[PDB]
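Structure data (mmCIF, C-alpha atoms and all ligand atoms) from my_file.cif:
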```cif
data_input
loop_
_atom_site.label_atom_id
_atom_site.label_comp_id
_atom_site.auth_asym_id
_atom_site.auth_seq_id
_atom_site.Cartn_x
_atom_site.Cartn_y
_atom_site.Cartn_z
CA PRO A 149 14.18 -22.09 -7.15
CA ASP A 150 12.37 -19.10 -8.78
CA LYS A 151 12.72 -19.31 -12.57
CA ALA A 152 11.78 -16.16 -14.51
CA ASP A 153 8.75 -16.02 -16.81
CA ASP A 154 7.09 -13.43 -19.03
CA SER A 155 3.62 -14.83 -18.47
CA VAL A 156 1.95 -13.93 -15.18
CA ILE A 157 -0.02 -16.84 -13.74
CA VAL A 158 -0.81 -16.94 -10.03
CA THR A 159 -2.58 -19.09 -7.46
CA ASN A 160 -4.57 -17.00 -5.00
CA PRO A 161 -3.95 -16.54 -2.20
CA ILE A 162 -0.29 -15.85 -3.05
CA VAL A 163 0.85 -15.16 0.55
CA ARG A 164 -1.46 -16.10 3.42
CA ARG A 165 -1.51 -14.11 6.70
CA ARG A 166 0.09 -10.98 5.18
CA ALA A 167 -1.94 -7.78 5.02
CA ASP A 168 -1.13 -4.54 3.19
CA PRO A 169 0.93 -6.14 0.38
CA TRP A 170 3.45 -3.88 -1.35
CA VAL A 171 5.09 -5.31 -4.47
CA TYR A 172 7.84 -3.45 -6.32
CA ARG A 173 9.33 -4.75 -9.60
CA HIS A 174 13.01 -3.74 -9.67
CA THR A 175 15.53 -3.38 -12.51
CA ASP A 176 17.30 -6.56 -11.36
CA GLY A 177 14.64 -9.03 -12.49
CA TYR A 178 13.04 -9.38 -9.04
CA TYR A 179 9.73 -8.56 -7.42
CA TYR A 180 10.20 -7.25 -3.87
CA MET A 181 7.41 -7.63 -1.33
CA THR A 182 6.79 -6.03 2.05
CA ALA A 183 3.58 -6.30 4.12
CA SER A 184 2.08 -6.22 7.61
CA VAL A 185 2.67 -9.34 9.70
CA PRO A 186 -0.17 -10.26 12.08
CA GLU A 187 1.87 -9.43 15.20
CA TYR A 188 2.51 -5.89 13.85
CA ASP A 189 6.02 -6.23 15.26
CA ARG A 190 8.48 -6.36 12.38
CA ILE A 191 9.28 -5.61 8.75
CA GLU A 192 9.76 -8.70 6.58
CA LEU A 193 11.13 -8.69 3.04
CA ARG A 194 11.05 -11.33 0.30
CA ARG A 195 11.82 -11.41 -3.38
CA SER A 196 11.10 -13.55 -6.39
CA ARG A 197 11.57 -13.40 -10.13
CA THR A 198 7.83 -13.95 -10.59
CA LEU A 199 4.74 -12.81 -8.78
CA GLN A 200 3.67 -16.39 -8.05
CA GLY A 201 7.19 -17.10 -6.82
CA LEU A 202 6.46 -14.83 -3.85
CA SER A 203 4.43 -17.71 -2.41
CA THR A 204 7.58 -19.81 -1.94
CA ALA A 205 10.31 -17.20 -1.54
CA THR A 206 11.98 -17.29 1.89
CA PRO A 207 11.04 -14.15 3.85
CA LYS A 208 13.63 -12.37 5.96
CA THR A 209 12.97 -10.24 9.02
CA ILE A 210 15.04 -7.12 8.35
CA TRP A 211 13.80 -4.88 11.16
CA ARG A 212 12.04 -5.36 14.51
CA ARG A 213 10.38 -2.88 16.78
CA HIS A 214 12.34 -1.17 19.53
CA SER A 215 12.19 -2.46 23.09
CA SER A 216 10.99 0.95 24.26
CA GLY A 217 10.40 4.46 22.95
CA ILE A 218 9.64 5.52 19.37
CA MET A 219 9.20 2.77 16.80
CA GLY A 220 8.29 0.54 19.77
CA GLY A 221 4.54 0.21 19.15
CA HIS A 222 2.59 -1.21 16.23
CA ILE A 223 4.54 -1.71 12.99
CA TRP A 224 2.23 -1.20 10.01
CA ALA A 225 2.32 -1.39 6.23
CA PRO A 226 5.94 -0.90 5.10
CA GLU A 227 6.73 -0.12 1.46
CA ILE A 228 10.14 -0.75 -0.10
CA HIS A 229 11.15 1.76 -2.80
CA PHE A 230 14.30 2.24 -4.89
CA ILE A 231 15.21 5.91 -5.22
CA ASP A 232 18.39 7.59 -6.52
CA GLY A 233 20.35 4.37 -6.27
CA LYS A 234 19.22 3.52 -2.72
CA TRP A 235 16.62 1.33 -1.04
CA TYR A 236 14.07 3.06 1.20
CA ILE A 237 11.38 1.57 3.42
CA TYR A 238 8.45 3.86 4.36
CA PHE A 239 6.47 2.51 7.30
CA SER A 240 4.20 3.56 10.11
CA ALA A 241 4.98 2.98 13.78
CA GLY A 242 3.74 3.73 17.27
CA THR A 243 5.55 3.90 20.59
CA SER A 244 6.09 1.42 23.36
CA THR A 245 3.92 3.46 25.71
CA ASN A 246 1.23 3.98 23.07
CA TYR A 247 1.29 1.27 20.40
CA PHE A 248 -1.30 3.32 18.49
CA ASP A 249 0.58 6.66 18.55
CA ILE A 250 1.46 6.17 14.91
CA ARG A 251 3.92 8.30 12.94
CA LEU A 252 5.81 7.82 9.67
CA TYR A 253 9.39 6.49 9.67
CA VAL A 254 12.03 5.73 7.06
CA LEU A 255 14.73 3.08 6.72
CA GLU A 256 17.53 3.14 4.18
CA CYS A 257 19.93 0.55 2.78
CA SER A 258 22.76 1.31 0.34
CA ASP A 259 23.67 -2.30 -0.49
CA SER A 260 22.39 -3.74 -3.74
CA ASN A 261 20.76 -6.81 -2.16
CA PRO A 262 18.22 -5.42 0.36
CA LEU A 263 17.59 -8.83 1.94
CA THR A 264 21.19 -9.27 3.11
CA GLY A 265 22.01 -5.59 3.19
CA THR A 266 22.56 -3.28 6.14
CA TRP A 267 19.49 -1.27 7.13
CA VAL A 268 19.74 2.10 8.86
CA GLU A 269 17.02 4.14 10.54
CA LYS A 270 16.53 7.66 9.30
CA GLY A 271 13.97 8.78 11.87
CA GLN A 272 10.49 10.17 11.59
CA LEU A 273 9.14 11.67 8.39
CA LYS A 274 7.35 14.67 9.84
CA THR A 275 4.42 16.47 8.28
CA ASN A 276 2.81 19.87 8.97
CA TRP A 277 1.54 18.68 12.36
CA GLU A 278 1.88 15.76 14.76
CA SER A 279 -1.06 13.31 14.81
CA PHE A 280 -2.13 9.84 13.74
CA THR A 281 -0.04 9.44 10.57
CA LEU A 282 0.38 6.34 8.42
CA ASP A 283 0.47 4.67 5.00
CA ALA A 284 2.93 7.02 3.24
CA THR A 285 3.70 6.21 -0.37
CA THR A 286 5.87 8.19 -2.79
CA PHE A 287 5.86 8.71 -6.54
CA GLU A 288 7.62 10.91 -9.06
CA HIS A 289 6.23 12.95 -11.94
CA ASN A 290 7.76 15.44 -14.36
CA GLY A 291 10.90 15.58 -12.25
CA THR A 292 9.11 16.25 -8.95
CA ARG A 293 8.75 13.67 -6.19
CA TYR A 294 5.62 13.62 -4.02
CA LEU A 295 4.44 11.98 -0.79
CA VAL A 296 0.88 10.66 -0.50
CA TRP A 297 -0.28 9.48 2.91
CA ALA A 298 -3.08 9.32 5.46
CA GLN A 299 -3.32 11.52 8.55
CA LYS A 300 -5.74 12.52 11.31
CA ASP A 301 -6.86 16.15 11.22
CA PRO A 302 -8.23 16.97 14.70
CA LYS A 303 -10.63 19.48 13.12
CA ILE A 304 -12.21 16.67 11.06
CA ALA A 305 -14.25 13.75 12.37
CA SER A 306 -12.51 10.97 10.49
CA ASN A 307 -9.76 8.60 11.52
CA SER A 308 -7.64 9.89 8.63
CA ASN A 309 -7.67 11.74 5.32
CA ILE A 310 -5.56 11.48 2.19
CA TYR A 311 -2.88 14.17 1.82
CA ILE A 312 -0.31 15.04 -0.85
CA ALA A 313 2.83 17.21 -0.72
CA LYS A 314 6.01 17.89 -2.62
CA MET A 315 9.12 16.26 -1.18
CA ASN A 316 12.63 17.62 -0.71
CA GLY A 317 14.65 14.44 -1.03
CA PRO A 318 13.21 11.05 -0.10
CA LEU A 319 13.29 11.93 3.65
CA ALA A 320 11.28 15.10 3.96
CA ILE A 321 8.32 17.00 2.64
CA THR A 322 8.26 20.71 1.83
CA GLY A 323 5.53 23.27 1.83
CA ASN A 324 1.99 22.76 3.01
CA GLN A 325 0.25 19.39 2.80
CA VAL A 326 -2.94 19.31 0.74
CA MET A 327 -6.02 17.27 1.56
CA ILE A 328 -7.32 15.54 -1.58
CA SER A 329 -9.74 13.07 0.03
CA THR A 330 -11.86 12.81 3.16
CA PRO A 331 -14.74 10.42 4.01
CA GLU A 332 -18.00 11.76 2.63
CA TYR A 333 -20.00 8.90 1.13
CA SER A 334 -21.63 6.26 3.32
CA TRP A 335 -19.39 3.54 1.86
CA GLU A 336 -16.44 5.42 3.35
CA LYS A 337 -17.99 5.32 6.85
CA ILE A 338 -19.29 1.79 7.67
CA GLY A 339 -17.74 1.04 11.07
CA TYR A 340 -15.43 4.06 11.20
CA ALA A 341 -15.03 6.99 8.78
CA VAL A 342 -11.60 6.46 7.16
CA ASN A 343 -9.54 7.10 4.05
CA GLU A 344 -6.15 5.32 4.14
CA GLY A 345 -3.75 3.17 2.10
CA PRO A 346 -3.16 5.50 -0.85
CA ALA A 347 -1.59 3.80 -3.89
CA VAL A 348 -0.47 5.49 -7.11
CA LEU A 349 -0.95 4.29 -10.70
CA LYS A 350 0.20 6.44 -13.65
CA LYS A 351 -1.41 5.69 -17.03
CA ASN A 352 -3.26 7.18 -20.01
CA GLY A 353 -2.19 10.75 -19.28
CA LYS A 354 -3.66 10.60 -15.76
CA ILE A 355 -2.52 9.93 -12.19
CA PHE A 356 -4.74 7.46 -10.36
CA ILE A 357 -4.70 7.13 -6.55
CA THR A 358 -6.77 4.33 -5.04
CA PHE A 359 -7.50 4.39 -1.32
CA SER A 360 -9.27 2.19 1.21
CA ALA A 361 -12.26 3.16 3.37
CA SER A 362 -14.55 1.87 6.18
CA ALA A 363 -13.47 -0.56 8.90
CA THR A 364 -10.95 -3.38 8.42
CA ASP A 365 -13.68 -6.08 8.39
CA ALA A 366 -15.80 -7.29 5.48
CA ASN A 367 -16.89 -3.69 4.93
CA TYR A 368 -13.40 -2.60 3.82
CA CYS A 369 -13.49 -1.43 0.21
CA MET A 370 -11.68 0.91 -2.16
CA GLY A 371 -12.36 4.27 -3.80
CA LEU A 372 -10.59 6.13 -6.62
CA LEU A 373 -9.14 9.63 -7.05
CA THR A 374 -8.16 10.85 -10.52
CA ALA A 375 -6.20 13.83 -11.81
CA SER A 376 -4.71 14.78 -15.17
CA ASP A 377 -0.94 14.41 -15.11
CA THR A 378 -0.59 17.97 -16.44
CA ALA A 379 -2.63 19.53 -13.63
CA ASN A 380 -1.34 21.06 -10.41
CA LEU A 381 -1.31 18.01 -8.17
CA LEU A 382 -1.23 20.28 -5.11
CA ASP A 383 -4.59 21.77 -6.17
CA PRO A 384 -7.46 19.86 -4.49
CA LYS A 385 -9.69 20.72 -7.45
CA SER A 386 -7.25 18.75 -9.62
CA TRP A 387 -8.55 15.53 -7.96
CA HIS A 388 -11.94 14.01 -8.78
CA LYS A 389 -13.25 11.31 -6.41
CA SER A 390 -15.32 8.56 -7.96
CA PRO A 391 -18.71 8.60 -6.19
CA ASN A 392 -18.96 4.81 -5.72
CA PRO A 393 -16.60 2.12 -4.41
CA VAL A 394 -14.27 0.90 -7.16
CA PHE A 395 -13.64 -2.46 -5.45
CA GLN A 396 -15.62 -4.27 -2.75
CA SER A 397 -16.60 -7.56 -1.15
CA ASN A 398 -18.09 -10.12 -3.51
CA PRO A 399 -20.05 -12.94 -1.80
CA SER A 400 -20.21 -15.08 -4.95
CA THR A 401 -16.43 -15.26 -5.24
CA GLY A 402 -16.08 -15.58 -1.46
CA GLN A 403 -13.73 -12.61 -0.93
CA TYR A 404 -14.47 -10.14 1.86
CA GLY A 405 -13.12 -6.71 2.80
CA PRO A 406 -10.59 -6.28 -0.01
CA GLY A 407 -8.24 -3.33 0.03
CA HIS A 408 -4.98 -1.63 0.93
CA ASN A 409 -3.61 -2.45 -2.53
CA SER A 410 -0.41 -1.67 -4.41
CA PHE A 411 0.30 -1.74 -8.15
CA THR A 412 2.98 -3.56 -10.11
CA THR A 413 3.50 -4.80 -13.69
CA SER A 414 4.24 -7.92 -15.66
CA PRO A 415 8.01 -8.37 -16.24
CA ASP A 416 7.79 -6.74 -19.70
CA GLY A 417 5.93 -3.77 -18.23
CA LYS A 418 2.88 -4.12 -20.44
CA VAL A 419 0.02 -4.94 -18.04
CA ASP A 420 -0.75 -3.42 -14.66
CA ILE A 421 -1.39 -5.80 -11.75
CA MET A 422 -3.12 -4.90 -8.49
CA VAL A 423 -1.84 -6.66 -5.35
CA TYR A 424 -4.14 -6.38 -2.34
CA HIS A 425 -5.52 -8.29 0.63
CA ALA A 426 -8.88 -9.90 1.45
CA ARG A 427 -10.36 -12.61 3.68
CA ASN A 428 -12.17 -15.69 2.33
CA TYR A 429 -14.90 -15.45 5.02
CA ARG A 430 -17.29 -12.79 6.24
CA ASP A 431 -17.82 -13.08 9.99
CA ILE A 432 -15.01 -12.25 12.40
CA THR A 433 -14.46 -13.32 16.02
CA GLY A 434 -12.95 -10.78 18.48
CA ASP A 435 -11.54 -7.41 17.26
CA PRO A 436 -10.97 -7.38 13.49
CA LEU A 437 -7.57 -5.83 14.24
CA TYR A 438 -6.22 -9.20 15.43
CA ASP A 439 -7.98 -11.50 13.00
CA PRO A 440 -4.82 -12.45 11.06
CA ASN A 441 -6.40 -13.87 7.92
CA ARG A 442 -6.23 -11.02 5.43
CA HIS A 443 -4.40 -12.80 2.59
CA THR A 444 -2.31 -11.29 -0.16
CA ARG A 445 -3.62 -11.83 -3.70
CA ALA A 446 -3.32 -10.36 -7.17
CA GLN A 447 -5.41 -9.88 -10.31
CA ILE A 448 -5.10 -7.84 -13.50
CA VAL A 449 -6.11 -4.19 -13.80
CA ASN A 450 -8.43 -3.84 -16.78
CA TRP A 451 -9.05 -0.67 -18.76
CA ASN A 452 -12.42 0.67 -19.87
CA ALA A 453 -12.77 1.78 -23.48
CA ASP A 454 -12.37 5.41 -22.25
CA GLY A 455 -9.10 4.82 -20.32
CA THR A 456 -10.25 4.74 -16.71
CA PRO A 457 -9.22 1.69 -14.67
CA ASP A 458 -11.60 -1.29 -14.36
CA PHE A 459 -10.82 -3.20 -11.16
CA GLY A 460 -13.79 -5.54 -11.43
CA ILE A 461 -14.51 -7.90 -8.57
CA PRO A 462 -12.13 -9.94 -6.38
CA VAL A 463 -11.46 -13.17 -8.26
CA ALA A 464 -12.21 -16.43 -6.53
CA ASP A 465 -9.38 -18.42 -4.96
CA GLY A 466 -7.59 -20.85 -7.23
CA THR A 467 -5.56 -20.33 -10.38
CA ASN A 468 -5.74 -17.01 -12.26
CA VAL A 469 -4.12 -16.37 -15.64
CA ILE A 470 -3.23 -12.69 -15.44
CA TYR A 471 -1.16 -12.21 -18.60
CA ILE A 472 0.24 -14.21 -21.51
CA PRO A 473 2.25 -12.09 -23.97
CA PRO A 474 0.70 -12.20 -27.52
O1 LIG A 501 -2.47 0.72 7.64
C1 LIG A 501 -2.85 0.99 8.98
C2 LIG A 501 -3.88 0.01 9.48
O2 LIG A 501 -3.26 -1.19 10.03
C3 LIG A 501 -2.99 -2.04 8.93
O3 LIG A 501 -2.64 -3.36 9.34
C4 LIG A 501 -4.22 -1.86 8.03
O4 LIG A 501 -3.98 -2.07 6.65
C5 LIG A 501 -4.76 -0.46 8.32
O5 LIG A 501 -6.13 -0.30 8.70
#
```

Render the structure in this file as structure tokens.
Amino acid sequence: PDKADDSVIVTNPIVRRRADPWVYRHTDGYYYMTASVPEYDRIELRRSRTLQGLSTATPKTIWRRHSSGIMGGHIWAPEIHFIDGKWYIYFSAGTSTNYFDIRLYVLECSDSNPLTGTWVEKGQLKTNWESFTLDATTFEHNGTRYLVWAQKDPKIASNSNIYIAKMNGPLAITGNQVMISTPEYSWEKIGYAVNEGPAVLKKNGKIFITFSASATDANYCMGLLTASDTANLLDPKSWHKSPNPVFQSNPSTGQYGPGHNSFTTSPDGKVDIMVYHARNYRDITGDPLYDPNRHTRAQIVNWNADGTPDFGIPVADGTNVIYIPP
């Protein structure tokens, strides 16, 4: 039983053993959540009227990797969107012969309930060139839809960079893709040099895009890109990268390697809430890729006096009062 509520009060972790949390608040009174499962082998979906309710909602496996061929490798970081009356899931997948040969793919469901509904594959979402491609998100602004994602440029020594492009329908991009972020500070390079997990927040006349950098261990952290929402978002000079991490490990709250966030709101739409993953310990045994204990958690997004986002530090486990309406 998930009863609705206008206050947002959560117990972290909200969902254990789920990395890359994506939470979308729909017009039907429900939060929808997708994420990476530790086996990297399926797409699970759950819904709840409240954020905290996600801890007890029954998850459904809606899609499983192919026995062989494309979409037969790793299954990473799906995001469920609602666009033009239809559900879409953007996710990254490798092949059976190379689990790590990752491209973008899209699913679509026309039924109103996406848990019970019928899901249909729509194939790969190609970009300007074939390479390591992952973590596509989409947003709309001033009547134009965009794709923001991470991709390997063979001419650049980084696992991936952040790209933007205009879209032509929810299933394709158009034009040239534009690089708006590449690893350049040392905090983007501990372990491996990486920018990935772009996430879009629109507020205060600006478009904010957080991203994650460094390896997926305790060194994982987040940086910020900002642009004015009246600029040319395909112009790389529209995007300013904050020089320092905007979110990182905090040993005093016991939260390590936080990142790959998404953004949602309270039910009334008035506060912004960041949903992300972190571990509650520092040292990892084996390859960090198969440590399954990145846990999904949430905390409020605060706002500086000047209107830039204040992400603060990962809150300690336990209860967290995010929002009580005045
Ligand atoms: O998103 C692609 C990679 O695999 C995921 O599980 C992680 O979030 C990231 O490093």

Return as a PDB file with C-alpha atoms, in the coordinates of the input the residues of protein, DNA or RNA that approach ligand LIG 501 (chain A) to within 7 Å, with only C-alpha atoms and all ligand atoms taken into account.
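Output file pocket-v3.pdb follows:
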```pdb
ATOM      1  CA  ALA A 167      -1.940  -7.780   5.020  1.00  0.00           C
ATOM      2  CA  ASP A 168      -1.130  -4.540   3.190  1.00  0.00           C
ATOM      3  CA  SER A 184       2.080  -6.220   7.610  1.00  0.00           C
ATOM      4  CA  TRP A 224       2.230  -1.200  10.010  1.00  0.00           C
ATOM      5  CA  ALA A 225       2.320  -1.390   6.230  1.00  0.00           C
ATOM      6  CA  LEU A 282       0.380   6.340   8.420  1.00  0.00           C
ATOM      7  CA  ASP A 283       0.470   4.670   5.000  1.00  0.00           C
ATOM      8  CA  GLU A 344      -6.150   5.320   4.140  1.00  0.00           C
ATOM      9  CA  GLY A 345      -3.750   3.170   2.100  1.00  0.00           C
ATOM     10  CA  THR A 364     -10.950  -3.380   8.420  1.00  0.00           C
ATOM     11  CA  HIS A 408      -4.980  -1.630   0.930  1.00  0.00           C
TER      12      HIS A 408
END
```

| task | Give me the residues within 12 Å of residue 291 in chain A as a list in words, counting all atoms listed in the file and dropping any in the same chain fewer than 4 places off. | result |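 Contacts, in chain order: residues 287, 314, 315, 316 and 317 of chain A.
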
| message | With distances taken over all atoms listed in the file, which residue among A:302, A:339, A:407, A:436 lies nearest residue 424 in chain A? | response |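 Among the listed residues, the smallest separation from residue 424 in chain A belongs to A:407.
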
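Note that the spacing between CA of residue 366 in chain A and CA of residue 397 in chain A amounts to 6.7 Å.
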
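Residue neighbourhood of range 261-265 of chain A, excluding near-sequence residues (fewer than 2 positions): residues 176, 180, 192, 193, 194, 195, 207, 208, 209, 210, 228, 234, 235, 236, 256, 257, 258, 259, 267 and 268 of chain A, at 10 Å, using all atoms listed in the file.
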
Residues within 12 Å of residue 432 in chain A, please, as a PDB file with C-alpha atoms, in the coordinates of the input. Count all atoms listed in the file; anything in the same chain fewer than 2 positions from it doesn't count.
```
ATOM      1  CA  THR A 364     -10.950  -3.380   8.420  1.00  0.00           C
ATOM      2  CA  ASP A 365     -13.680  -6.080   8.390  1.00  0.00           C
ATOM      3  CA  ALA A 366     -15.800  -7.290   5.480  1.00  0.00           C
ATOM      4  CA  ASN A 367     -16.890  -3.690   4.930  1.00  0.00           C
ATOM      5  CA  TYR A 404     -14.470 -10.140   1.860  1.00  0.00           C
ATOM      6  CA  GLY A 405     -13.120  -6.710   2.800  1.00  0.00           C
ATOM      7  CA  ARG A 427     -10.360 -12.610   3.680  1.00  0.00           C
ATOM      8  CA  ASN A 428     -12.170 -15.690   2.330  1.00  0.00           C
ATOM      9  CA  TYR A 429     -14.900 -15.450   5.020  1.00  0.00           C
ATOM     10  CA  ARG A 430     -17.290 -12.790   6.240  1.00  0.00           C
ATOM     11  CA  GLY A 434     -12.950 -10.780  18.480  1.00  0.00           C
ATOM     12  CA  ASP A 435     -11.540  -7.410  17.260  1.00  0.00           C
ATOM     13  CA  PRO A 436     -10.970  -7.380  13.490  1.00  0.00           C
ATOM     14  CA  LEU A 437      -7.570  -5.830  14.240  1.00  0.00           C
ATOM     15  CA  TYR A 438      -6.220  -9.200  15.430  1.00  0.00           C
ATOM     16  CA  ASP A 439      -7.980 -11.500  13.000  1.00  0.00           C
ATOM     17  CA  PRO A 440      -4.820 -12.450  11.060  1.00  0.00           C
ATOM     18  CA  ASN A 441      -6.400 -13.870   7.920  1.00  0.00           C
ATOM     19  CA  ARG A 442      -6.230 -11.020   5.430  1.00  0.00           C
TER      20      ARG A 442
END
```

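Between CA of residue 273 in chain A and CA of residue 312 in chain A the interatomic distance comes to 13.6 Å.
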
| query | What separation in Å, quoted to one decimal, exists between CA of residue 329 in chain A and CA of residue 355 in chain A? | reply |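 For CA of residue 329 in chain A relative to CA of residue 355 in chain A, the distance reads 14.5 Å.
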
| said: Would you pick out the contacts of residue 237 in chain A at 6 Å or less, using all atoms listed in the file, so that residues sharing its chain but fewer than 4 positions from it are not included, and give the list as a PyMOL selection string? | reply: chain A and resi 227-228+254-255

Export of prior selection with C-alpha atoms as a PDB file, keeping the file's coordinate frame:
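Listing of selection05.pdb after writing:
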```pdb
ATOM      1  CA  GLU A 227       6.730  -0.120   1.460  1.00  0.00           C
ATOM      2  CA  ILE A 228      10.140  -0.750  -0.100  1.00  0.00           C
ATOM      3  CA  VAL A 254      12.030   5.730   7.060  1.00  0.00           C
ATOM      4  CA  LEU A 255      14.730   3.080   6.720  1.00  0.00           C
TER       5      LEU A 255
END
```

| query | With distances taken over all atoms listed in the file, which of A:465, A:383, A:377, A:416 is nearest to residue 403 in chain A? | reply | A:465

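When only C-alpha atoms are used to compute distances to residue 423 in chain A, the closest of the residues A:347, A:338, A:379, A:298 turns out to be A:347.
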